[PDB]
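Coming up is one lone chain in structure tokens, specifically the form deposited in one PDB entry.
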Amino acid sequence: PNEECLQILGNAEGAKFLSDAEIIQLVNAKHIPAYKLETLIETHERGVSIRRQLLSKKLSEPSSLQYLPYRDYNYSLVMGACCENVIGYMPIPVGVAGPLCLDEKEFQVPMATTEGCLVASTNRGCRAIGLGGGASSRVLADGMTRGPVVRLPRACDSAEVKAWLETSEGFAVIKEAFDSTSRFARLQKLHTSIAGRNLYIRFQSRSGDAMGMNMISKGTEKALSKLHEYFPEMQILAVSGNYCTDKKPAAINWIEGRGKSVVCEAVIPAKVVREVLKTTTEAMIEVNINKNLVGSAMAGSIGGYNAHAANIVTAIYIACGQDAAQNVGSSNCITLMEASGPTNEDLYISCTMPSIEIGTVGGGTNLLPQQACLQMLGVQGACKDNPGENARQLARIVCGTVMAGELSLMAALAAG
């Protein structure tokens, strides 16, 4: 009825003795507040069921959520960690491009997308590479960043703090405070910029196999606590002052790197360019120069000297539990093509991606389906013997798959 239901709710034995309708009655009349539903209802799926039911009555079409699935999904690894106000899950089709012949190994790359032909095209690119003797890649740099903004009374004071951070002694003190927060914390050279009394400080460090935002933030907050002891008039405006730079386009990531900086390359014989890619080396180069270099230049691109790196980065990231919003900066790529061999008929190809933001532990990689795709690549979880090696390998795979994707689309655009 209503009164009886509240007696049963407050009875230490609880909400599981009420029906869905009785609980909703109690919400509509203002006896139980919308937010408290999380702790009161026992099972996670039943919490989702009720939130959906409440939501449906507020929609102009109450049957809207019919085909949004929710049942029998492991919400235990999601509640309090990955999502709030959960009403179900969104299934994204997963496909496989491979084998990807990279650094003398073969990889079957999972790709989550709803764009027709993207996987097939990426697959034909892998085929060209494989018959061409495989690709090779190198991690050139490694370190996630966080770029807080502090304010001092005057610009002369901000300059003083900058000079202090650049002394051997001052940096060593900040480094100890940063490095004390974690096993993996290992602060690299600080990069700083002034704008008046503003001072942007870019902390960079490895972070084992995790993407590292949480870890770099704990090291950063304690590093600024130490800096405040030497400069007590300094104010910390924001733990992020956009100098990182995270999830926005920025030259600083392209130039300094962020996360993993990777280069990949292959040489495709003329015969493979002809039979797999249906074009010539000469035609490919002409398209690459005038589209990926000259065209991006006329559009005023910073870091966007590629055909569709973002397609590959986004499909792999969604499949592999990465933060897909980091496609903004992680897609940064320059794709170069030149003639190779004795008569300039073989295609040399390289992709350079200075800011791959990636990890195999933490965040979405804690969910089991996301982990199935990480296991396909042999990169799931933390590498105990060699910390960071799995995330490094996953970066290489992304760069190699991007190259495969650049090969195929460019050959398609070359013919017509």
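If you superpose the two forms and keep the largest set of C-alpha atoms that fall within 1.5 Å, you have the rigid core. In case it trips you up, residue 1 is the first one in the sequence shown, and so on.
Of the two stretches examined, 179 to 187 and 194 to 202, the one with higher mean CA deviation in 7 other deposited structures of this protein after a rigid core fit is 179 to 187. Take 56 to 64 and 356 to 364, fit the other structures onto the shown form by the rigid core, and average the C-alpha distances in 7 other deposited structures of this protein: the farther stretch is 56 to 64. Missing-residue comparison: residue 12 falls in the unmodelled set for a third or more of the other PDB entries checked. The stretch of deposited sequence separating residue 13 from residue 14 contains 1 to 3 residues lacking coordinates in this entry. Annotation for 347 to 355 versus 379 to 387: the higher mean temperature factor (C-alpha) is found in 379 to 387.
Look at the mean CA B-factor for 22 to 30 and for 360 to 368 in the entry; the higher one is 22 to 30. The PDB entry gives the largest Cα B-factor of the residues 138, 124, 146, 222 to 222. Remark: of 233, 286, 323, 256, 233 shows the highest value [criterion: C-alpha B-factor in the PDB entry].
Per-chain ranking of the deposited C-alpha B factor places residue 410 in the lowest third. Residue 247: CA B factor lies in the lowest third for its chain, per the PDB record. Split the chain's modelled residues into thirds by C-alpha temperature factor. Residue 115 is in the lowest one. Residue 239: CA B factor in the middle third of modelled residues in this chain (values from the PDB entry).
Residue-level temperature factors show residue 170 in the highest third of its chain, judged at the C-alpha atom.
Keep in mind the form solved in complex with a small molecule is missing from the figure; the text below concerns it.
Contact with the small molecule in the bound PDB entry, judged by any heavy atom within 4.5 Å, is made by just one of 152, 112, 215, 101: 215. Taking 335, 207, 332, 281 one by one, only a single residue has any non-hydrogen atom within 4.5 Å of the small molecule in the bound PDB entry, and it is 207.
When contacts are judged by a 4.5 Å heavy atom cut-off, residue 362 counts as touching the small molecule in the bound PDB entry. Residue 271 falls outside the set of residues with a heavy atom inside 4.5 Å of the small molecule in the bound PDB entry. Contact check for residue 183: a non-hydrogen atom falls within 4.5 Å of the small molecule in the bound PDB entry. A residue is said to contact a partner when one of its heavy atoms sits within 4.5 Å of a partner heavy atom; residue 211 meets this definition for the small molecule in the bound PDB entry.
Comparing 169 to 177, 183 to 191, 227 to 235, 70 to 78 against the small molecule in the bound PDB entry, the single stretch with non-hydrogen atoms within 4.5 angstroms of it is 183 to 191.
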